[PDB]
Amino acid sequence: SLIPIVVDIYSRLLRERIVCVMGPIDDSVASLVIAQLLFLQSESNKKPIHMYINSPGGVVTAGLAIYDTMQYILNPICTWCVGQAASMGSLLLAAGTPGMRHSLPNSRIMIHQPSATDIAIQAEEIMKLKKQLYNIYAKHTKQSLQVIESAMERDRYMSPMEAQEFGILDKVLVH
């Protein structure tokens, strides 16, 4: 028992121009997501693309690959948080086109990074990655580096409204 067929449902979502990041982020997810984003831009570089995010996070470099692809394509991107968006998941959520970042009412949003890496790396390198995340979160939340760094220190989740206040998303909708 695996995937149903419709009048494949995940292919159906791709016809809707929906890209799913609904799990832990690794290099395989990144490749699949990136391949889909470039394909949808080709079908149309003006029509919006929709990203469904239900991820606890994952590999940083895998997440930044998706982010860079989101920034590369010309399409407006509507991000949708369902379930949760934690760590790199919340970075992709905040990277949506301004005005088009949404969450469902009961989602949980976390920008705190966990205590991840394809290979072992040095202290100076984890900190360079961390600082890249600070700049991206700052860019898209309109918050200063300081309040980003301090907020990412708190090991906690935000509600959709808190995330809206903080600048991670724009709209919280029930229907």
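When you see a residue number, it is the position in the sequence shown, counting from 1.
- Counting the unmodelled positions of the deposited sequence between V7 and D8 gives a long gap of 10 or more residues.
- Per the record, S115 and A116 are separated by a gap of 4 to 9 residues from the deposited sequence that were not modelled.
- Across the two stretches, 46-54 and 119-127, the PDB entry reports the greater mean Cα temperature factor for 119-127.
- Remark: stretch with higher mean C-alpha B factor among 9-17 and 153-161 is 9-17.
- Remark: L91 belongs to the lowest third of its chain, ranked by C-alpha B-factor as recorded.
- Among all modelled residues in this chain, the alpha-carbon of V147 has a temperature factor (C-alpha) in the highest third.
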